[PDB]
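Visitor: Below is the structure I would like to discuss, written out as structure tokens.
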Amino acid sequence: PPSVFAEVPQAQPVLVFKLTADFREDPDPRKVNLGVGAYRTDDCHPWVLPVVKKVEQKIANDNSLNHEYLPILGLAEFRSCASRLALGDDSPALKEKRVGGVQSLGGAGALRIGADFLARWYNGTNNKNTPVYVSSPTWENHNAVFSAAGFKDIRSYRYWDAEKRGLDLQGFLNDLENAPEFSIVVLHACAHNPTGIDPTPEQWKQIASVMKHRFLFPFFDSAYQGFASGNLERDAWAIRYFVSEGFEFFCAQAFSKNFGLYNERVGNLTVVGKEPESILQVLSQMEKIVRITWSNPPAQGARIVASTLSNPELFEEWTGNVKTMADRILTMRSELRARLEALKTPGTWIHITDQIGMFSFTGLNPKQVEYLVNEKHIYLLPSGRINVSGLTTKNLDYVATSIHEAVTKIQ
């Protein structure tokens with residue numbers, strides 16, 4: 001008889017994977033991959049943070065450690081350190097013991113645990129109808145996680161304006177003013193994915209004001225703290241502002257980019273509440289959620305991050321390491337913009353340097369992108385998104401020339 005697997009179709013490849021596979025295959029020597037999902041150096045190589053290598057040696061040599069189960073909520077030192085990183089050591093919320101943390105399987109895991117919690121205990125009990133607002137566009141995992149958690153009404157807020165190449169603040173605010181009271185708003189804390197443009201601190205004040213007045217629930221996604229600007233405070237400004245304004249909120253934290261721990265899946269869900277007592281109840285339910293789903297947590301990534309952030313000296317060394325990545329990206333943005341302007345490229349290019357983080361919406365249209373991929377062998381997404389760390393001292397001129405040709409030959 002036939003295999004019970006005989007009619008299983010070949011799954012369609014996924015564009016982020018296929019783009020890199022196409023790059024790999026390409027025999028053209030000019031090829032550039034601007035579609036890598038991780039930081040690369042000026043020589044196109046992965047980068048292990050020096051402080052991570054040092055900490056891994058310490059862990060391996062620590063004979064006190066065992067491999068027994070962590071608490072269900074995770075390694076206590078990791079959770080406490082991760083929360084301290086977002087909020088700041090002198091946060092009123094930390095002083096007043098109205099913070100919790102839950103270790104998660106990366107930032108996506110933290111978003112899932114939070115979503116599952118909201119679907120059970122927020123805005124009523126077992127209320128899957130609370131609207132969830134995500135940016136337009138956004139990281140696909142925002143929509144997917146909340147869908148998977150059972151939320152039935154996932155909505156967009158206006159965010160990217162392709163004409164202006166920048167933030168539609170008025171549309172964003174308008175969409176928040178029309179949000180039903182108690183709707184959940186998923187906010188990118190800094191380094192907006194996929195566009196790279198963030199609200200400025202004054203714009204964050206306006207967003208906060210509308211959220212406050214309509215009792216909207218902030219759910220921050222903080223995937224790039226420190227990695228975006230090289231300055232941890234700055235990168236957490238909106239988060240810390242929301243605390244100071246009296247918000248209760250969740251904040252999903254990821255440590256893949258800012259520790260380079262892509263293959264360790266280290267995340268934390270920070271919870272900020274009005275009062276200490278109900279935080280303990282919240283964590284009692286998040287224990288059940290973790291157990292009932294996932295069940296973890298794996299230790300090694302968490303141990304790396306805890307051992308680093310808990311140690312003032314390693315923490316400083318790490319901030320240096322992270323800043324070196326951030327600074328290389330910032331430099332590449334500046335260099336690309338300067339080269340495009342020197343070529344008299346049509347359009348404005350301030351967006352290249354107004355944006356922050358590893359990803360940039362270059363503002364190219366899909367046909368312009370198609371010219372880059374197919375004629376110039378520069379691999380990026382049809383939205384115009386590039387990984388800015390794919391830019392090197394060696395390829396900048398080729399990329400800038402190629403963009404110039406795209407904008408002047410196409411459309």
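Indices start at 1 and increase along the chain as displayed.
Technique stated in the header: X-ray crystallography, 1.7 Å.
Positions of Cβ are set from backbone N, Cα and C atoms, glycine also.
Here Swiss-Prot flags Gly37, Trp139, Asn193, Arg385 as L-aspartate binding site. Look at Swiss-Prot and you will find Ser147 tagged as phosphoserine, backed by similarity to another entry. Marked as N6-(pyridoxal phosphate)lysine by Swiss-Prot: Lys257.
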Visitor: Consider the binding-site residues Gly37, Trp139, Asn193, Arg385 and say which one has the Cα lying nearest the Cα of the residue listed as 'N6-(pyridoxal phosphate)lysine'.
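Guide: Nearest listed residue in space: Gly37.
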Visitor: Might you list, by sequence position, any residue in that chain lying six or more from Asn193 (L-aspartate binding site) with a Cβ less than 8 Å away from its Cβ?
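Guide: When sequence neighbours closer than 6 are ignored, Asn193 (L-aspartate binding site) has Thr138, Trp139, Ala223, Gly357, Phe359 within Cβ distance under 8 Å.
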Visitor: Compare all C-alpha positions of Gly37, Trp139, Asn193, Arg385, the record's L-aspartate binders, and send over the largest distance in angstrom.
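Guide: With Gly37, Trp139, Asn193, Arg385 as the binding residues for L-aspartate, the largest Cα distance is 13 Å.
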Visitor: Report, as a single number, how many Cβ atoms besides its own are within 10 Å of the Cβ of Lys257 (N6-(pyridoxal phosphate)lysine).
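Guide: A 10 Å sphere around the Cβ of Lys257 (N6-(pyridoxal phosphate)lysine) contains 24 other Cβ atoms.
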Visitor: Give me the CA-CA distance between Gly37 (L-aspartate binding site) and the residue listed as 'phosphoserine', in Å, as a whole number.
Guide: 24
Visitor: For L-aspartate, what surrounds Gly37, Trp139, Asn193, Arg385 with a Cβ no more than 8 Å from their Cβ centroid?
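Guide: Here the non-site neighbours turn out to be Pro194, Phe359.
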Visitor: Whole-number Å only: compute the distance from the Cα of the residue listed as 'phosphoserine' to the Cα of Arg385 (L-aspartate binding site).
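Guide: Cα to Cα, the residue listed as 'phosphoserine' and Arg385 (L-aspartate binding site) are separated by 25 Å.
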Visitor: Using a 10 Å radius around its CB, how many other CB atoms surround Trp139 (L-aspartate binding site)?
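Guide: Other Cβ atoms within 10 Å of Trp139 (L-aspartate binding site): 21.
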Visitor: Sequence gap of 6 or more, Cβ distance under 8 Å: name the residues on the same chain that satisfy this around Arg385 (L-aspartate binding site), in order along the sequence.
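Guide: Non-local contacts for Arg385 (L-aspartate binding site): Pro194, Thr195, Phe359, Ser360, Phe361, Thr362.
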Visitor: In three-state terms from DSSP, label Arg385 (L-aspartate binding site) for me.
Guide: strand
Visitor: Just counting, how many other CB atoms are there within 10 A of the CB of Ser147 (phosphoserine)?
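Guide: Taking all protein chains shown, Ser147 (phosphoserine) has 13 Cβ neighbours within 10 Å.
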